[PDB]
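Student: Just so it is clear, I am handing over structure10.txt, which has compact mmCIF, N, CA and C atoms.
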```txt
# COMPACT_ATOMS: atom_id res chain seq x y z
N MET A 1 66.43 113.63 90.02
CA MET A 1 66.86 114.05 88.70
C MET A 1 67.67 112.95 88.01
N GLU A 2 68.43 112.23 88.81
CA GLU A 2 69.25 111.15 88.29
C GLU A 2 68.39 110.16 87.49
N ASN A 3 69.03 109.09 87.06
CA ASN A 3 68.34 108.07 86.29
C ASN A 3 67.77 108.70 85.01
N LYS A 4 68.66 108.93 84.06
CA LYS A 4 68.26 109.52 82.79
C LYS A 4 69.51 110.06 82.08
N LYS A 5 70.18 109.16 81.38
CA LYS A 5 71.38 109.52 80.64
C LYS A 5 72.27 110.40 81.53
N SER A 6 73.27 110.99 80.90
CA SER A 6 74.19 111.85 81.62
C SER A 6 74.93 111.05 82.70
N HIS A 7 76.24 111.21 82.71
CA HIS A 7 77.07 110.51 83.68
C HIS A 7 77.08 111.28 85.00
N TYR A 8 76.25 110.81 85.93
CA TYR A 8 76.15 111.44 87.23
C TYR A 8 77.32 111.04 88.13
N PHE A 9 78.07 112.04 88.56
CA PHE A 9 79.22 111.81 89.42
C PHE A 9 78.88 112.14 90.88
N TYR A 10 78.87 111.10 91.70
CA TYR A 10 78.57 111.26 93.11
C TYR A 10 79.71 110.73 93.98
N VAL A 11 80.10 111.54 94.96
CA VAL A 11 81.17 111.16 95.86
C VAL A 11 80.60 110.98 97.27
N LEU A 12 80.64 109.74 97.73
CA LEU A 12 80.14 109.42 99.06
C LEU A 12 81.28 109.53 100.07
N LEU A 13 80.90 109.79 101.32
CA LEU A 13 81.88 109.92 102.38
C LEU A 13 81.32 109.30 103.66
N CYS A 14 82.10 108.40 104.24
CA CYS A 14 81.69 107.73 105.46
C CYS A 14 82.57 108.24 106.61
N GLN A 15 82.33 107.69 107.79
CA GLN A 15 83.08 108.08 108.96
C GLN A 15 84.52 107.57 108.87
N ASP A 16 84.75 106.74 107.86
CA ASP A 16 86.07 106.17 107.65
C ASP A 16 86.78 106.95 106.53
N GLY A 17 86.27 108.14 106.27
CA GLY A 17 86.85 108.99 105.24
C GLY A 17 87.09 108.20 103.95
N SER A 18 85.99 107.75 103.36
CA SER A 18 86.07 106.98 102.13
C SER A 18 85.34 107.71 101.01
N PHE A 19 86.12 108.34 100.14
CA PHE A 19 85.56 109.08 99.02
C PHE A 19 85.29 108.15 97.83
N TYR A 20 84.03 107.79 97.68
CA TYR A 20 83.63 106.91 96.59
C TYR A 20 82.98 107.71 95.45
N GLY A 21 83.80 108.08 94.49
CA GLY A 21 83.32 108.84 93.35
C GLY A 21 83.14 107.94 92.13
N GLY A 22 81.89 107.82 91.70
CA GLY A 22 81.56 107.00 90.55
C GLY A 22 80.64 107.75 89.58
N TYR A 23 80.80 107.44 88.30
CA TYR A 23 80.00 108.07 87.27
C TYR A 23 79.16 107.03 86.52
N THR A 24 77.85 107.18 86.63
CA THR A 24 76.93 106.27 85.97
C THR A 24 75.51 106.83 86.00
N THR A 25 74.59 106.07 85.41
CA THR A 25 73.20 106.48 85.36
C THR A 25 72.35 105.57 86.24
N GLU A 26 71.44 106.19 86.98
CA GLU A 26 70.55 105.45 87.86
C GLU A 26 71.35 104.84 89.02
N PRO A 27 71.94 105.73 89.85
CA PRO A 27 72.73 105.30 90.99
C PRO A 27 71.82 104.79 92.12
N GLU A 28 70.59 105.28 92.11
CA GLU A 28 69.63 104.89 93.12
C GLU A 28 69.43 103.38 93.11
N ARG A 29 69.34 102.83 91.90
CA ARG A 29 69.15 101.40 91.74
C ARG A 29 70.48 100.67 91.92
N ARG A 30 71.53 101.26 91.38
CA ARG A 30 72.85 100.68 91.47
C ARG A 30 73.33 100.68 92.93
N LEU A 31 72.88 101.68 93.67
CA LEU A 31 73.25 101.81 95.06
C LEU A 31 72.54 100.73 95.88
N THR A 32 71.24 100.91 96.04
CA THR A 32 70.43 99.96 96.79
C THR A 32 70.87 98.53 96.47
N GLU A 33 71.14 98.29 95.20
CA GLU A 33 71.57 96.98 94.76
C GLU A 33 72.76 96.49 95.59
N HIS A 34 73.82 97.29 95.57
CA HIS A 34 75.02 96.96 96.31
C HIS A 34 74.65 96.62 97.76
N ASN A 35 74.01 97.57 98.41
CA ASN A 35 73.59 97.39 99.79
C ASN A 35 72.85 96.06 99.92
N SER A 36 71.80 95.93 99.13
CA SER A 36 70.99 94.72 99.14
C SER A 36 71.53 93.72 98.12
N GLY A 37 72.85 93.62 98.07
CA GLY A 37 73.50 92.71 97.14
C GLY A 37 74.41 91.73 97.89
N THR A 38 75.44 92.29 98.52
CA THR A 38 76.39 91.49 99.26
C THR A 38 75.66 90.59 100.26
N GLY A 39 75.01 91.23 101.22
CA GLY A 39 74.27 90.51 102.24
C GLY A 39 73.44 91.46 103.11
N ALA A 40 72.16 91.15 103.22
CA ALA A 40 71.26 91.97 104.02
C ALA A 40 69.86 91.36 103.98
N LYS A 41 69.02 91.84 104.88
CA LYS A 41 67.65 91.35 104.97
C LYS A 41 66.68 92.51 104.75
N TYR A 42 66.58 93.36 105.77
CA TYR A 42 65.70 94.51 105.70
C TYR A 42 66.25 95.67 106.53
N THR A 43 66.97 96.55 105.86
CA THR A 43 67.56 97.70 106.52
C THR A 43 67.75 98.85 105.53
N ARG A 44 66.74 99.71 105.47
CA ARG A 44 66.79 100.85 104.56
C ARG A 44 67.63 101.97 105.17
N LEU A 45 67.21 102.41 106.35
CA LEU A 45 67.91 103.48 107.05
C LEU A 45 69.42 103.23 106.96
N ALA A 46 69.83 102.06 107.42
CA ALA A 46 71.23 101.70 107.40
C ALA A 46 72.02 102.65 108.30
N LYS A 47 72.33 102.18 109.49
CA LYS A 47 73.07 102.98 110.45
C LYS A 47 74.57 102.77 110.22
N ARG A 48 75.02 101.56 110.51
CA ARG A 48 76.43 101.23 110.33
C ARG A 48 76.94 101.76 108.99
N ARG A 49 78.16 102.27 109.01
CA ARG A 49 78.77 102.80 107.81
C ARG A 49 77.86 103.85 107.17
N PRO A 50 77.97 105.10 107.69
CA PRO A 50 77.16 106.20 107.17
C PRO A 50 77.68 106.67 105.81
N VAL A 51 76.74 107.09 104.98
CA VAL A 51 77.09 107.57 103.65
C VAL A 51 76.56 109.00 103.47
N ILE A 52 77.50 109.92 103.31
CA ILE A 52 77.14 111.32 103.13
C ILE A 52 77.60 111.78 101.74
N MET A 53 76.87 112.75 101.21
CA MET A 53 77.19 113.29 99.90
C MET A 53 77.57 114.77 99.99
N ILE A 54 78.80 115.05 99.58
CA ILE A 54 79.31 116.42 99.61
C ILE A 54 79.52 116.91 98.18
N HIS A 55 79.47 115.97 97.25
CA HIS A 55 79.66 116.29 95.84
C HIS A 55 78.47 115.76 95.03
N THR A 56 78.01 116.60 94.11
CA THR A 56 76.88 116.23 93.27
C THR A 56 76.96 116.97 91.93
N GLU A 57 77.34 116.22 90.90
CA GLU A 57 77.45 116.79 89.57
C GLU A 57 77.43 115.68 88.52
N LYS A 58 76.94 116.03 87.34
CA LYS A 58 76.86 115.08 86.24
C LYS A 58 77.62 115.64 85.03
N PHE A 59 77.90 114.75 84.09
CA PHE A 59 78.61 115.14 82.89
C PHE A 59 77.80 114.80 81.64
N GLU A 60 77.83 115.71 80.68
CA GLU A 60 77.11 115.52 79.44
C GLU A 60 77.98 114.79 78.42
N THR A 61 79.21 115.29 78.27
CA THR A 61 80.15 114.69 77.34
C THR A 61 81.09 113.74 78.07
N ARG A 62 81.84 112.98 77.28
CA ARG A 62 82.79 112.03 77.84
C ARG A 62 84.10 112.73 78.19
N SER A 63 84.52 113.62 77.29
CA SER A 63 85.75 114.36 77.49
C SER A 63 85.84 114.84 78.94
N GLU A 64 84.92 115.73 79.30
CA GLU A 64 84.88 116.27 80.64
C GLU A 64 84.83 115.15 81.67
N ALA A 65 84.11 114.09 81.31
CA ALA A 65 83.98 112.94 82.19
C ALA A 65 85.35 112.30 82.40
N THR A 66 85.85 111.68 81.34
CA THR A 66 87.14 111.03 81.39
C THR A 66 88.19 111.96 82.01
N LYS A 67 87.91 113.25 81.92
CA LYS A 67 88.82 114.25 82.47
C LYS A 67 88.51 114.45 83.95
N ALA A 68 87.22 114.39 84.27
CA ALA A 68 86.79 114.57 85.64
C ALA A 68 87.34 113.42 86.50
N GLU A 69 87.45 112.26 85.87
CA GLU A 69 87.96 111.09 86.56
C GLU A 69 89.49 111.12 86.60
N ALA A 70 90.07 111.57 85.50
CA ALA A 70 91.52 111.66 85.40
C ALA A 70 92.06 112.50 86.57
N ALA A 71 91.64 113.75 86.60
CA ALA A 71 92.07 114.66 87.65
C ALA A 71 91.71 114.06 89.01
N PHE A 72 90.50 113.52 89.08
CA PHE A 72 90.02 112.92 90.32
C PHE A 72 90.85 111.68 90.68
N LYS A 73 91.69 111.27 89.73
CA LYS A 73 92.54 110.11 89.93
C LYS A 73 93.85 110.55 90.58
N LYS A 74 94.20 111.80 90.34
CA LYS A 74 95.43 112.36 90.89
C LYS A 74 95.11 113.09 92.19
N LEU A 75 94.11 113.95 92.12
CA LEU A 75 93.69 114.72 93.29
C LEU A 75 93.39 113.76 94.44
N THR A 76 93.31 114.33 95.64
CA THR A 76 93.03 113.54 96.82
C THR A 76 91.72 113.99 97.47
N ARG A 77 91.46 113.45 98.65
CA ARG A 77 90.25 113.79 99.38
C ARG A 77 90.21 115.29 99.66
N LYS A 78 91.35 115.94 99.46
CA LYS A 78 91.45 117.37 99.68
C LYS A 78 91.15 118.11 98.38
N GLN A 79 92.12 118.07 97.48
CA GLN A 79 91.97 118.73 96.19
C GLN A 79 90.56 118.52 95.65
N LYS A 80 90.05 117.32 95.86
CA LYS A 80 88.71 116.98 95.40
C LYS A 80 87.69 117.86 96.12
N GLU A 81 87.79 117.88 97.44
CA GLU A 81 86.89 118.67 98.25
C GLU A 81 86.78 120.09 97.69
N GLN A 82 87.93 120.74 97.57
CA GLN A 82 87.98 122.09 97.05
C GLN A 82 87.61 122.11 95.57
N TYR A 83 88.28 121.25 94.81
CA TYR A 83 88.03 121.15 93.39
C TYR A 83 86.54 121.34 93.07
N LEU A 84 85.71 120.75 93.93
CA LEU A 84 84.27 120.84 93.76
C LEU A 84 83.75 122.07 94.50
N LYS A 85 84.20 122.21 95.74
CA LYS A 85 83.79 123.33 96.56
C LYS A 85 83.95 124.63 95.77
N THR A 86 85.12 124.77 95.16
CA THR A 86 85.41 125.96 94.37
C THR A 86 84.29 126.22 93.37
N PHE A 87 83.67 125.13 92.92
CA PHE A 87 82.58 125.23 91.97
C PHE A 87 81.23 125.37 92.68
N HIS A 88 81.10 124.64 93.78
CA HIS A 88 79.87 124.68 94.56
C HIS A 88 79.62 126.10 95.05
N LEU A 89 80.67 126.69 95.62
CA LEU A 89 80.57 128.05 96.13
C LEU A 89 79.82 128.92 95.13
N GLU A 90 80.40 129.04 93.95
CA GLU A 90 79.79 129.84 92.89
C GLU A 90 78.67 129.06 92.21
N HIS A 91 78.07 129.69 91.21
CA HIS A 91 76.99 129.07 90.47
C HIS A 91 76.89 129.69 89.08
N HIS A 92 77.65 129.13 88.16
CA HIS A 92 77.66 129.62 86.79
C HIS A 92 77.68 128.44 85.82
N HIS A 93 76.56 128.26 85.13
CA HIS A 93 76.43 127.18 84.17
C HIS A 93 75.08 127.26 83.47
N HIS A 94 75.10 127.01 82.17
CA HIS A 94 73.88 127.06 81.38
C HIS A 94 73.31 128.47 81.40
N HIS A 95 73.08 129.00 80.21
CA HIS A 95 72.54 130.34 80.08
C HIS A 95 73.46 131.34 80.78
N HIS A 96 73.12 132.61 80.64
CA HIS A 96 73.90 133.67 81.25
C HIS A 96 73.15 135.00 81.14
```
Re-express the file's structure as structure tokens.
Tutor:
Amino acid sequence: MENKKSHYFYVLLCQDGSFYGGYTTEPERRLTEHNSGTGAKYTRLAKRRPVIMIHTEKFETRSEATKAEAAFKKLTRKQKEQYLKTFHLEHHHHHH
């Protein structure tokens, strides 16, 4: 679904408890790039340094975005977890 306007916010988590939350478009390309940017030859699977996704959401407007980052700037790996979980649990958005 990604790669198409809208600020997609994805938070990655490794075994080193590293919450990498970034908002942009076409993370698939931006991601692979990084991996195959610094230094590498041929490793898609990528074992070392696992990357898991527990958060998945995008923003239409900037307000909510700049706000999503603001709060996410204060909140921690905890508040964030719930902050989203609280939303993940339920499912209310668009139409009714």
Student: Taking only chain A into account, list the residues labelled helix (DSSP H, G or I) by DSSP (computed from the backbone), as a PyMOL selection string.
Tutor: chain A and resi 27-38+62-74+77-89
Student: Hey, can you check how far atom CA of residue A:76 sits from atom C of residue A:44?
Tutor: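 About the pair atom CA of residue A:76 and atom C of residue A:44: they are 29.1 Å apart.
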Student: Quick one, how far is atom N of residue A:63 from atom N of residue A:31?
Tutor: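 Separation of atom N of residue A:63 and atom N of residue A:31: 23.4 Å.
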Student: Can you tell me, as an MDAnalysis selection string, what residues are no more than 6 Å from residue A:24 when counting all atoms listed in the file, ignoring any on the same chain fewer than 5 positions away?
Tutor: chainID A and resid 6:9
Student: Please determine, counting all atoms listed in the file, which residue among A:85, A:51, A:33, A:1 has the shortest atom-to-atom distance to residue A:15.
Tutor: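 Closest to residue A:15, using all atoms listed in the file: A:51.
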Student: Please return, as a ChimeraX atom specification, all residues of chain A that DSSP assigns to strand (DSSP E) on the basis of the backbone.
Tutor: /A:7-13,20-24,52-59
Student: Which distance in Å separates atom N of residue A:53 and atom CA of residue A:14, to one decimal?
Tutor: 8.2 Å
Student: Could you check which of A:19, A:59, A:72, A:87 is closest to residue A:2, using only C-alpha atoms?
Tutor: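 Checking each of A:19, A:59, A:72, A:87 against residue A:2, counting only C-alpha atoms, the winner is A:59.
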Student: Box for stretch 68-78 of chain A: with edges along x, y and z, all listed atoms inside and 6 Å added on each side, what are the centre and edge lengths in Å to one decimal, as lines of an AutoDock Vina configuration file?
Tutor:
```
center_x = 91.1
center_y = 114.1
center_z = 92.0
size_x = 20.6
size_y = 20.0
size_z = 27.4
```
Student: Using only N, CA and C atoms, determine which residues lie at most 6.5 Å from residue A:12, disregarding the query and same-chain residues fewer than 3 positions distant; provide the list as a JSON list (two decimals) with N, CA and C atoms, keeping the file's coordinate frame.
Tutor:
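The result, written out as selection_29.json:
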```json
[["chain", "number", "residue", "atom", "x", "y", "z"],
["A", 18, "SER", "N", 85.99, 107.75, 103.36],
["A", 18, "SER", "CA", 86.07, 106.98, 102.13],
["A", 18, "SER", "C", 85.34, 107.71, 101.01],
["A", 19, "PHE", "N", 86.12, 108.34, 100.14],
["A", 19, "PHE", "CA", 85.56, 109.08, 99.02],
["A", 19, "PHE", "C", 85.29, 108.15, 97.83],
["A", 20, "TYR", "N", 84.03, 107.79, 97.68],
["A", 20, "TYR", "CA", 83.63, 106.91, 96.59],
["A", 20, "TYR", "C", 82.98, 107.71, 95.45],
["A", 21, "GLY", "N", 83.80, 108.08, 94.49],
["A", 21, "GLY", "CA", 83.32, 108.84, 93.35],
["A", 21, "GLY", "C", 83.14, 107.94, 92.13],
["A", 22, "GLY", "N", 81.89, 107.82, 91.70],
["A", 22, "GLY", "CA", 81.56, 107.00, 90.55],
["A", 22, "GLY", "C", 80.64, 107.75, 89.58],
["A", 51, "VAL", "N", 76.74, 107.09, 104.98],
["A", 51, "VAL", "CA", 77.09, 107.57, 103.65],
["A", 51, "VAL", "C", 76.56, 109.00, 103.47],
["A", 52, "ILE", "N", 77.50, 109.92, 103.31],
["A", 52, "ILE", "CA", 77.14, 111.32, 103.13],
["A", 52, "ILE", "C", 77.60, 111.78, 101.74],
["A", 53, "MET", "N", 76.87, 112.75, 101.21],
["A", 53, "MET", "CA", 77.19, 113.29, 99.90],
["A", 53, "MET", "C", 77.57, 114.77, 99.99],
["A", 54, "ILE", "N", 78.80, 115.05, 99.58],
["A", 54, "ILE", "CA", 79.31, 116.42, 99.61],
["A", 54, "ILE", "C", 79.52, 116.91, 98.18],
["A", 55, "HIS", "N", 79.47, 115.97, 97.25],
["A", 55, "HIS", "CA", 79.66, 116.29, 95.84],
["A", 55, "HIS", "C", 78.47, 115.76, 95.03]]
```
